[PDB]
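Residue numbers (the entry's author numbering), protein chains in the order written: chain X, 53 to 104; chain Y, 105 to 156.
Comments concern the structure below.
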């Protein structure tokens, strides 16, 4: 029984590592997806002011 | 964007100055050919020979 408890513990830590990677991955994907939209909108703003 | 606005200001200023410059000399030419005579020819030739 003891060993089943040990295995559950190591499995919890494995799941924690997987979720850490997944959440930081999504956070970096969000960095890029936010910055690209900001880049395109600022650049179209430039184009508008220049045309003015 | 501000940089290009300023550069286009400069470029249009130059574009206009060019036309003014060429037309000034074309007008001067036509005026001269319309206004020279024996007196002006004699004056020019005498003034250059006086320093030849």
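Heads up, the beta-carbon is just placed ideally off N, CA and C, and yes, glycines get one too.
With its beta carbon less than 8 angstroms from one in chain X, residue 105(Y) belongs to the interface. Take the alpha-carbon of residue 98(X) and the one of residue 109(Y): they are about 10 angstroms apart. Counting along the chain, residue 116(Y) sits inside the alpha helix (DSSP H) bounded by residues 106 to 139.
From the beta-carbon of residue 110(Y), no residue of chain X is found nearer than 7 angstroms; the closest lies around 11 angstroms away. Residue 103(X): member of the alpha helix (DSSP H) spanning 54 to 103, first to last residue. Here DSSP, grouped into helix, strand and coil, assigns residue 144(Y) to helix.
Taking C-alpha positions only, residue 73(X) is separated from residue 116(Y) by approximately 56 angstroms.
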